[PDB]
Amino acid sequence: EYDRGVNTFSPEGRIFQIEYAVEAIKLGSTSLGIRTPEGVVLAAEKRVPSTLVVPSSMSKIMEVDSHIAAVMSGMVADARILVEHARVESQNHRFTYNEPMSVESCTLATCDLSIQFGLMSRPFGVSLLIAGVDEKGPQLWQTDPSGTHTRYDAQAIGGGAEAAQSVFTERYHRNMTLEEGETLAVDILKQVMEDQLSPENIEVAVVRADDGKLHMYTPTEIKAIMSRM
Amino acid sequence: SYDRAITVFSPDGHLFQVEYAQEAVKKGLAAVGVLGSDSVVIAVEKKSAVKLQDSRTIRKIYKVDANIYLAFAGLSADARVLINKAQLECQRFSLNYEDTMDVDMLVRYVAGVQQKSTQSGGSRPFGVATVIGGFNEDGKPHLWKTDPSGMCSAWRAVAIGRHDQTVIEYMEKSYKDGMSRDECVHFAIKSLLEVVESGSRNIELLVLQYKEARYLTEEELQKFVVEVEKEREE
Amino acid sequence: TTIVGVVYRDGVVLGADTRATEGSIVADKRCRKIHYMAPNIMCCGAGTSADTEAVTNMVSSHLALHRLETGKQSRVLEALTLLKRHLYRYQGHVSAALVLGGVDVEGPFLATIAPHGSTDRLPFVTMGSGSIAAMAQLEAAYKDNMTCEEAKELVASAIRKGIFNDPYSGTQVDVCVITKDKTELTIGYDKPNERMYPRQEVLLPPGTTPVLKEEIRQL
Amino acid sequence: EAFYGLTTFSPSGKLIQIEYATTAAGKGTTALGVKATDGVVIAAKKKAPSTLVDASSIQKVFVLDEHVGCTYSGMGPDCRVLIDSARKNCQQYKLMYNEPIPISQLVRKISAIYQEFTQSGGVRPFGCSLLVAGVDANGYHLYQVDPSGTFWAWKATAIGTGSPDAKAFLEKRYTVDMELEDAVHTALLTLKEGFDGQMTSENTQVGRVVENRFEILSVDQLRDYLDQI
Amino acid sequence: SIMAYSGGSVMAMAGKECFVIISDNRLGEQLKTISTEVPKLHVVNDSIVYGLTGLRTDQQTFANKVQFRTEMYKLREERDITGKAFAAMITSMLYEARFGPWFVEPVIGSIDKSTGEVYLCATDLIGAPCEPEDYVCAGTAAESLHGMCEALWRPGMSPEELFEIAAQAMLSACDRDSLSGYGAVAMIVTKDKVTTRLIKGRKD
Amino acid sequence: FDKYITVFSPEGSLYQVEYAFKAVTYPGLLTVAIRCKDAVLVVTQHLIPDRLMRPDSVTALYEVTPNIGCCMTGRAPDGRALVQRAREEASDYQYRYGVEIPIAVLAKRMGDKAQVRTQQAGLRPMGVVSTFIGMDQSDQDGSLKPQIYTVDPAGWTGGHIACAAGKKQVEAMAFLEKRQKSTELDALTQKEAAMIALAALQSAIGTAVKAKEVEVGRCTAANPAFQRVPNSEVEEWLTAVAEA
Amino acid sequence: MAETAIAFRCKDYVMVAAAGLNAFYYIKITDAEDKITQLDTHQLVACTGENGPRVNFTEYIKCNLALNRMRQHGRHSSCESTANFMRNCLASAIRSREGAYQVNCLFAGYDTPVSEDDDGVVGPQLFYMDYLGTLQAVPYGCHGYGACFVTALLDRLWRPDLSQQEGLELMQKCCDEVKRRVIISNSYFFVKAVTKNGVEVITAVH
Amino acid sequence: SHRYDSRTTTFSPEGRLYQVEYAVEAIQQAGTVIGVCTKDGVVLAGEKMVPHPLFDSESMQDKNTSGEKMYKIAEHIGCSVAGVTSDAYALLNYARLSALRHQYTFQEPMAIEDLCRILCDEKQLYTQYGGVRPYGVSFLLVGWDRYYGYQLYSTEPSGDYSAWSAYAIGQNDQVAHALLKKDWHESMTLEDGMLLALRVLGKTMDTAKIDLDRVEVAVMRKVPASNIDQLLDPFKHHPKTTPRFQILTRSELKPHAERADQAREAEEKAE
């Protein structure tokens, strides 16, 4: 496994450690993101290893800034690193330009840390989704271990992703409400999760277009979503 | 400087060096943490008690700051390094922010050092899991775990080391919220004895209450081992 | 301090006074200002004693080492180059001022190094606070192809001019002769200053000074 | 730019590169040393490949400082590294303490360089042993340093090719009473034992520690000793 | 002056197979006296003693550097340092700091344990040695101590005679120095024996 | 595993250094050097098969300093690189000591440089044998004696009376040993020496040489600077060999 | 100099006092900045000088002591240890880029047996430090403008064997002399003692 | 060059670090060392290698600073090593500096357990960073500090360390442990510990008598303090007793080795 150095291309023009880091993101818990004109929604399977875990502590959704959230899949500890950098970058942007960082600019600056490997032994085994609201309204991007951001309208990452890109293709239209989005989110998780979907087993957040602020759904408010289905 | 890449993804997404660090933690002595209403209980297996080791008390639960305590499983010497770093971090923090470090802050620092070592060229991962327990300066008790991937997580109770998952499966069944000090110590002793042989000289046990950390004397412990081994017949 | 060198037919004579002051007080009446540098090279120094000692030691050591590498005798011009390069780098801050004299295969070699790291190879030289007084006796009496004795006398004479006219210089003359074959250093070649009143033994008999406590310890 | 180590432990616990360096260091020609009550003698074969080598230019015995000498076996140029460093150390010590480095300290300094090349990255160990002979305040000394960095004080010994047999023959003839004339005689006799062909003041070198100094015998001085054996 | 700030004087003199080294006892900040029980002598080993003068913090720092060096020496080398090495060492250390010096002025006495050869050495703050045969000295009262030692000292004195003239000299000179005094401590060092004595002096 | 990096084999040998010695003979060129009472010569083959190559442009002889020549034998560009390093060494030395570097010191320093490449991994040993010639002043009388120092890829440095390196270095050496039982080589004249050198080259390479197929370098007590010997004079020696 | 600290040690305690004043040029901000910092259960340091240095220096020591007591399983450092650590830290600073910590300390402690094996010094210890890292054990000492008044008063009145009560009385005369004679209002003094039983605050004196 | 990296600081598949396991093998090949921690001192008894009749002494002036197995780290700290001797000297020098840096900074003796942690941190490093091999060394440290009294730690190449009442490193450590288990108790004099140390050492290297030639003994004990120079710092407290590391001459050790022949003769009577 040290036969091929880490900067090596395969015969198909893929860097091997990147392709492998991607393979690690398919072992991760499913996360997903849905752009709506009313806001963005992120939702994550928590996938806790025990009832004895305190579920707030296994937080797959993270405030980057008042208006940006991220949700990881793959190696959580690797994700903590990226999100720390995003936080720092988003805040340096406020500092320097006295305004909130755009969501894309933020995703860029999080990919700017993922290029660095030869410095970092290996790539981050992490894909983020980064939802936010700025001047161009709600937005959802995906980072990969490649370092390649990609704006999306709906996305999944994780073991779910393939089954969840089935469901988006059928039920996602560019014009849904924030509640129809919450609903499609939680639906998808119900369908792809291993465990029974309960209000502690998942994590849901939204960044609303109107206020441009990010709300993390408490278990209560996630029941309020499960209610109508 | 030597900066070869030690930790790298293999084909099926895995980081072997981190899986193998974790294998080194499954060979380590058990440790267990339990969170009650007003207490955290950290209990660890000792290796035995050969007549040769110093009869002067050596603790296998380490103090990181006044308020924070850490058990570990895995490579002793790696652990010792992590702990020294943790100790030194808590002081750096006091010194920068006057306040004392919240436990969760300390845990995150440690987990970040663990993570950092799965991604630094030249270095292998620490082969150490930790249980960390303590109280913030607001009377709220916490209990955390780190594994060698650098992942931490808060628990109501937890086990690390050999047969961690046997012990955690046990604890899922029994464990209730809002235990007393004495029910915590009981529950921890009970849980450890799922994998440790006697409860004689091979269990150190630490009890953390807001502002007061106290190891059981070998005598106080044995009233609890009889009270428990007598409850295991049934 | 007065140091002096002259080249004579067979070699080089160096000379020095021996008063080491501190401030305006003679710390040592009889210090050695003529440093060994190599078997065939000596140095005298003036300026800041510490700088002079450091520098000669350093170079002496380097040449010792270089001599094991090469197997040959040290050349006076290697000695000089190591010195000037060192002093030049410290821009005068290392306030050594050296007369360097030896004999190599190429013949006698006498030179000054100034603290800023200038050299001046010459047939007679002086350095030190006594330098001007001594230089004047060299200009007055030097000639080419002096015999060894002629050279010693002249070097002594020149150093006496500093001893007697520079405050910073005194006590006695040391000389060093360096031929192709050997290096003969001669302490007190001239002692023109005994003391003229014999010391008066002031009698202070044991117990004279009041003691409060005492600790004795055997070995 | 290679920073990984070349010398490593092997499953039996052995450091094999160091055994091989030790093998290399016993493939030299014979050198040996004899300590006596009033001095030390070290002596080596200079087996010149051809007659067209200027034997004056081959040095098998070396001054390290006025009071201490060495000779060596195994790979010449590796030893030249050690000797250069040992010369420096002798001089650094004088510069500091304005006394000659005691042999014990010198050998520990050498030992240390050898050890660095058994652990430091990128390098192989030294493939030569030294004898070091000298005189300090503790008297006369004679030490052997091997590539492990280990060293031994000896009363007499021999490194290089004919060495087991040369050591055996020194065991007989050595006496704690020995004076230096007899030591030289014994050293030269011991060489001569395993010497293919006539010994000459050309194809042998000899160093002695006598009084307070180390000196390499001239060919003149060595010829007077070789007329009595 | 920084060299005078802390006050204090030290002096060492040779006799036949012995020396005396002696310090005054005062520690000041200029004219403020802080303590009258601060002898400036350090014992390196049975045969070497030294005193430092100069800025007291540097005396402390440097003495501690000297004690690291000497204890390290003794472990590596398995013998006691000798006064010549010891003084060379010191000189080296002071000169390392030539461009930002330790404000100290050491005064070293030593006696070869065999021979009985006695070695004194005082240095300036950048480590220029002064190795006279008679007596060396340093500190605030150094002018006056040269006065006294010149006058009183003679060759081949015995421990006792030598002690008396060391003490009279230290006291007479310290009585003319505002920054030195409160009596003195003296160590008399022979081959066989070390004797320390605390000497009574003025309280001004 | 030991064949490709600078670690010891079980026999205690460094393969990459042995193989670097084969790089010395691979080109097929021989070099011979020889000292006489007041000179030293180095003769190396100078083969220009390519009619279109410019003979004066390729050489294995190099001034290192005005008073030190060297001939590199082996992998030519590795030789060129050692020459650069020698030159640097010589020049750093003149700056530091104010004197031209003695040739035995230069050799020694180049042996140190090579040795390093055999002990630090992942630097390829230079596959050359360096042969420095020059005069050398004696400390007794100040007279100049001629010197030949080699350095080989292991870092083994040696002084010689005569020496050959390159293809057939053995049959060249054998010839000079044999001619050293007759005459005393340090009592010869620059002519009798050059004859011996050229004859050894001829013996070894099994052919008679022409002047333009060798290149000869020289230092002499009279004129210590290292100089390419002109062809006219090499022709005359080669004539003097075919005859006597 | 504006804030005077005083200390002295008797047989069974070391008593330390220091003026509350905190100033800004002439503006008196408070007479109630406690400048006596406890470093350990039996060690305290009265420290004078600008808040910046005083707090950074004391917080550094207090941390490093605490650190070292962790990395040493709960064992208290000796007072001489601590004082040498402080000295070395001060001293190192005068030759640093940043420069001297402009603070002057009285370090006082009481050394108790740390274990059954401790043959060490038992009792009160007091050290005078200055910003350059001078460090001297003393039976009493002072810093500040009052330093000299008090020092001469203690030379007159101090005895090694005062009771804890004679000590309060004597410290009161010390504080009072500093109020009588220093132009700068050192109106309130904080006073603490160290004994076998630790640091006690003393409110009876001010 | 990366094809030839042996990857010394990597984990193996069972979370084992092979280079550290094999350093341990190297140590189990080394001369045995026994340590016995009493309450009157600590004893180290070590197997020297077989004394060729041509070995010389280094003629060091200080007899107690080093021997073949035993070294002094500080006035209060001694050690003995098993394993790659030259690695030992690298570390030993490190331990010496550390103990003296501690003394520089605090002006008091470093405690044994801190010296020990320092040492083992230096070893742990090489098992994690740096791509070179570990130090192939095991100490037994001994010494005395005011915190814990006589102590005896032992270190391993992993960087772990442990406190013991008695222990052995080197050749037949398993066997020597089992024998100390049986005969160690909490109330031994120094003489008793010296005996136990030799009985065990002589039992592991399979000798009828103890072979004075093949054995070194060191003792760390407190002795009266001589050079209380009290006029020189009046306020400084000087303890009445101070630790001393002592290496026993052949003669000081002769009695104690006879006395361990006699308790090996009186244990073959019962049989």
# chains A, B, ... in the order shown; residues from 1 in each chain; ligands from 1

$ select_by_dssp --residues "range 19-167 of chain B" --states "strand (DSSP E)" --output "ChimeraX atom specification"
/B:31-35,39-44,62-65,68-74,128-135,141-146,152-154,157-160

$ interface_residues --of "chain B" --to "chain A" --cutoff "7 Å" --atoms "only C-alpha atoms" --output "list in words"
residues 5, 7, 8, 9, 10, 11, 12, 13, 14, 115, 119, 120, 121, 149, 150, 151, 153, 154, 155, 156, 157 and 172 of chain B

$ interface_residues --of "chain D" --to "chain C" --cutoff "9 Å" --atoms "only C-alpha atoms" --output "list in words"
residues 62, 63, 64, 65, 84, 87, 88, 91, 92, 94 and 95 of chain D

$ closest_atom_pairs --of "chain H" --to "chain A" --cutoff "10 Å" --atoms "only C-alpha atoms" --output "CSV"
residue,atom,partner,partner_atom,distance
H:2,CA,A:5,CA,8.6
H:3,CA,A:3,CA,7.5
H:5,CA,A:2,CA,9.8
H:7,CA,A:2,CA,9.7

$ residues_around --residues "range 239-250 of chain H" --least-positions-apart "3" --cutoff "8 Å" --atoms "only C-alpha atoms" --output "MDAnalysis selection string"
(chainID G and resid 119:121) or (chainID H and resid 63:67 70 72 75:78 143:144 212:213 216:225 253:254)

$ closest_atom_pairs --of "chain E" --to "chain C" --cutoff "6 Å" --atoms "only C-alpha atoms" --output "tab-separated table"
residue	atom	partner	partner_atom	distance
E:127	CA	C:50	CA	5.9
E:128	CA	C:50	CA	4.0
E:132	CA	C:28	CA	5.6
E:160	CA	C:206	CA	5.9
E:192	CA	C:219	CA	5.7
E:193	CA	C:218	CA	4.6
E:194	CA	C:217	CA	5.3
E:195	CA	C:216	CA	4.4
E:196	CA	C:215	CA	5.1
E:197	CA	C:214	CA	4.4
E:198	CA	C:213	CA	5.2
E:199	CA	C:211	CA	4.5
E:200	CA	C:211	CA	5.8

$ residues_around --residues "range 135-141 of chain G" --least-positions-apart "6" --cutoff "6 Å" --atoms "only C-alpha atoms" --output "JSON, numbers by chain"
{"G": [6, 7, 8, 9, 126, 127, 128, 129]}

$ residues_around --residues "residue 148 in chain A" --least-positions-apart "4" --cutoff "10 Å" --atoms "only C-alpha atoms" --output "PyMOL selection string"
chain A and resi 107-108+110-112+114-115+142-144

$ residues_around --residues "residue 116 in chain G" --least-positions-apart "2" --cutoff "12 Å" --atoms "only C-alpha atoms" --output "count of residues only"
13

$ interface_residues --of "chain F" --to "chain H" --cutoff "8 Å" --atoms "only C-alpha atoms" --output "short mmCIF file (atom, residue, chain, number, x, y, z; two decimals) with N, CA, C and O atoms, in the first residue's frame"
data_model
loop_
_atom_site.label_atom_id
_atom_site.label_comp_id
_atom_site.auth_asym_id
_atom_site.auth_seq_id
_atom_site.Cartn_x
_atom_site.Cartn_y
_atom_site.Cartn_z
N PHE F 1 18.65 -5.49 -2.51
CA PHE F 1 18.27 -4.35 -1.63
C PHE F 1 19.50 -3.52 -1.26
O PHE F 1 19.41 -2.31 -1.10
N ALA F 121 22.70 8.16 1.64
CA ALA F 121 21.97 7.43 0.61
C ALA F 121 21.38 8.32 -0.47
O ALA F 121 20.98 9.47 -0.24
N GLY F 122 21.30 7.77 -1.67
CA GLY F 122 20.58 8.45 -2.72
C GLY F 122 21.39 9.55 -3.41
O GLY F 122 20.85 10.33 -4.17
#

$ select_by_dssp --residues "range 105-172 of chain H" --states "helix (DSSP H, G or I)" --output "PyMOL selection string"
chain H and resi 105-106+112-126

$ write_last_selection --atoms "N, CA and C atoms" --output "mmCIF file, in the first residue's frame"
data_model
loop_
_atom_site.group_PDB
_atom_site.id
_atom_site.type_symbol
_atom_site.label_atom_id
_atom_site.label_comp_id
_atom_site.auth_asym_id
_atom_site.auth_seq_id
_atom_site.Cartn_x
_atom_site.Cartn_y
_atom_site.Cartn_z
ATOM 1 N N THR H 105 17.695 25.357 36.568
ATOM 2 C CA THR H 105 16.477 26.112 36.656
ATOM 3 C C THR H 105 15.997 26.193 38.088
ATOM 4 N N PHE H 106 15.846 25.086 38.788
ATOM 5 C CA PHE H 106 15.304 25.160 40.114
ATOM 6 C C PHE H 106 16.320 25.141 41.229
ATOM 7 N N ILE H 112 13.465 11.608 40.701
ATOM 8 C CA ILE H 112 13.790 10.461 39.881
ATOM 9 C C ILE H 112 12.740 10.209 38.824
ATOM 10 N N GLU H 113 11.489 10.267 39.224
ATOM 11 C CA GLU H 113 10.437 10.037 38.268
ATOM 12 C C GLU H 113 10.361 11.119 37.193
ATOM 13 N N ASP H 114 10.906 12.304 37.383
ATOM 14 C CA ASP H 114 10.833 13.258 36.297
ATOM 15 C C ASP H 114 11.973 13.040 35.342
ATOM 16 N N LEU H 115 13.093 12.592 35.869
ATOM 17 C CA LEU H 115 14.245 12.289 35.054
ATOM 18 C C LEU H 115 13.839 11.158 34.165
ATOM 19 N N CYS H 116 13.175 10.229 34.785
ATOM 20 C CA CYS H 116 12.714 9.070 34.084
ATOM 21 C C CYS H 116 11.726 9.414 32.987
ATOM 22 N N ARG H 117 10.773 10.308 33.240
ATOM 23 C CA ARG H 117 9.821 10.664 32.199
ATOM 24 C C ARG H 117 10.552 11.340 31.046
ATOM 25 N N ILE H 118 11.421 12.268 31.360
ATOM 26 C CA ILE H 118 12.222 12.898 30.350
ATOM 27 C C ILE H 118 12.918 11.888 29.458
ATOM 28 N N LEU H 119 13.538 10.899 30.048
ATOM 29 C CA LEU H 119 14.275 9.892 29.307
ATOM 30 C C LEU H 119 13.391 9.111 28.369
ATOM 31 N N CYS H 120 12.275 8.675 28.890
ATOM 32 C CA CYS H 120 11.340 7.892 28.136
ATOM 33 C C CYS H 120 10.529 8.694 27.134
ATOM 34 N N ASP H 121 10.472 10.002 27.301
ATOM 35 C CA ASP H 121 9.869 10.812 26.271
ATOM 36 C C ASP H 121 10.818 10.792 25.107
ATOM 37 N N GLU H 122 12.103 10.867 25.383
ATOM 38 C CA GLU H 122 13.088 10.876 24.330
ATOM 39 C C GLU H 122 13.033 9.568 23.584
ATOM 40 N N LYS H 123 12.872 8.477 24.262
ATOM 41 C CA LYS H 123 12.603 7.254 23.554
ATOM 42 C C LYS H 123 11.259 7.204 22.852
ATOM 43 N N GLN H 124 10.185 7.569 23.479
ATOM 44 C CA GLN H 124 8.930 7.459 22.773
ATOM 45 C C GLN H 124 9.032 8.166 21.423
ATOM 46 N N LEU H 125 9.715 9.312 21.365
ATOM 47 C CA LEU H 125 9.768 10.093 20.144
ATOM 48 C C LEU H 125 10.146 9.236 18.955
ATOM 49 N N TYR H 126 11.142 8.392 19.136
ATOM 50 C CA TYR H 126 11.724 7.641 18.059
ATOM 51 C C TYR H 126 10.826 6.496 17.634
#

$ residues_around --residues "residue 68 in chain A" --least-positions-apart "2" --cutoff "8 Å" --atoms "only C-alpha atoms" --output "JSON, numbers by chain"
{"A": [63, 64, 65, 66, 70, 103, 130, 131, 132, 133, 207, 213, 214]}

$ write_last_selection --atoms "N, CA and C atoms" --output "CSV table (one decimal), in the first residue's frame"
chain,number,residue,atom,x,y,z
A,63,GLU,N,-22.3,25.1,12.4
A,63,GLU,CA,-22.3,26.5,12.0
A,63,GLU,C,-20.9,26.8,11.6
A,64,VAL,N,-20.8,27.3,10.3
A,64,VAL,CA,-19.7,28.0,9.9
A,64,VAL,C,-19.8,29.5,10.2
A,65,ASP,N,-20.9,30.1,9.9
A,65,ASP,CA,-21.2,31.4,10.4
A,65,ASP,C,-22.7,31.6,10.5
A,66,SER,N,-23.1,32.7,11.0
A,66,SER,CA,-24.5,33.0,11.2
A,66,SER,C,-25.4,32.5,10.0
A,70,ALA,N,-22.5,23.6,7.5
A,70,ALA,CA,-21.9,22.6,6.7
A,70,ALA,C,-22.3,21.3,7.3
A,103,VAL,N,-21.2,32.2,0.1
A,103,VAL,CA,-21.1,30.8,0.4
A,103,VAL,C,-20.1,30.1,-0.5
A,130,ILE,N,-22.3,22.6,2.0
A,130,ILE,CA,-22.2,23.9,2.6
A,130,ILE,C,-23.3,24.7,2.1
A,131,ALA,N,-24.3,24.8,3.0
A,131,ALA,CA,-25.5,25.6,2.6
A,131,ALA,C,-25.3,27.0,3.2
A,132,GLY,N,-25.9,28.0,2.5
A,132,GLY,CA,-25.8,29.3,3.1
A,132,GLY,C,-26.7,30.2,2.3
A,133,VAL,N,-26.8,31.4,2.9
A,133,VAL,CA,-27.5,32.5,2.2
A,133,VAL,C,-26.7,33.7,2.2
A,207,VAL,N,-31.0,27.2,6.5
A,207,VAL,CA,-30.7,28.6,6.4
A,207,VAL,C,-31.8,29.2,5.6
A,213,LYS,N,-30.5,33.6,8.3
A,213,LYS,CA,-29.9,33.0,9.5
A,213,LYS,C,-30.1,31.5,9.4
A,214,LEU,N,-29.3,30.8,10.2
A,214,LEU,CA,-29.3,29.4,10.2
A,214,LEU,C,-29.9,28.9,11.5

$ interface_residues --of "chain F" --to "chain D" --cutoff "7 Å" --atoms "only C-alpha atoms" --output "PyMOL selection string"
chain F and resi 6-13+115+119-122+155-156+158-163+177

$ write_last_selection --atoms "C-alpha atoms" --output "CSV table (one decimal), in the first residue's frame"
chain,number,residue,atom,x,y,z
F,6,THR,CA,24.7,2.8,-0.1
F,7,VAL,CA,24.4,0.2,2.7
F,8,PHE,CA,26.7,-2.7,3.4
F,9,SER,CA,26.3,-6.1,1.9
F,10,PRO,CA,26.8,-9.1,4.2
F,11,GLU,CA,30.4,-9.4,3.1
F,12,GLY,CA,30.9,-5.8,4.3
F,13,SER,CA,31.2,-4.3,0.8
F,115,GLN,CA,33.4,9.2,0.8
F,119,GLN,CA,27.7,7.0,3.3
F,120,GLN,CA,24.7,9.2,2.6
F,121,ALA,CA,22.0,7.4,0.6
F,122,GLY,CA,20.6,8.5,-2.7
F,155,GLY,CA,37.1,8.2,-1.6
F,156,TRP,CA,40.4,6.3,-1.4
F,158,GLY,CA,46.7,8.0,-2.7
F,159,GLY,CA,50.0,9.4,-3.9
F,160,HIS,CA,51.8,7.6,-6.7
F,161,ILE,CA,55.0,7.4,-8.6
F,162,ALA,CA,53.1,6.2,-11.6
F,163,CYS,CA,49.5,5.2,-12.0
F,177,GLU,CA,55.8,-2.3,-12.3

$ interface_residues --of "chain B" --to "chain G" --cutoff "7 Å" --atoms "only C-alpha atoms" --output "PyMOL selection string"
chain B and resi 63+87-88+91+95

$ interface_residues --of "chain H" --to "chain E" --cutoff "12 Å" --atoms "only C-alpha atoms" --output "JSON, numbers by chain"
{"H": [58, 59, 60, 61, 62, 63, 64, 65, 66, 67, 71, 72, 73, 74, 75, 77, 78, 89, 92, 93, 94, 95, 96, 97, 98, 99, 100, 101, 102, 103, 104, 105, 106, 107, 108, 226, 227, 228, 229, 230, 231, 232, 233, 234, 235, 236]}

$ interface_residues --of "chain G" --to "chain E" --cutoff "12 Å" --atoms "only C-alpha atoms" --output "PyMOL selection string"
chain G and resi 84-85+87-96+127-143+147-149+151-152+155

$ interface_residues --of "chain B" --to "chain D" --cutoff "9 Å" --atoms "only C-alpha atoms" --output "VMD selection string"
chain B and resid 1 to 4

$ interface_residues --of "chain F" --to "chain C" --cutoff "6 Å" --atoms "only C-alpha atoms" --output "PyMOL selection string"
chain F and resi 97-98+105+139+142
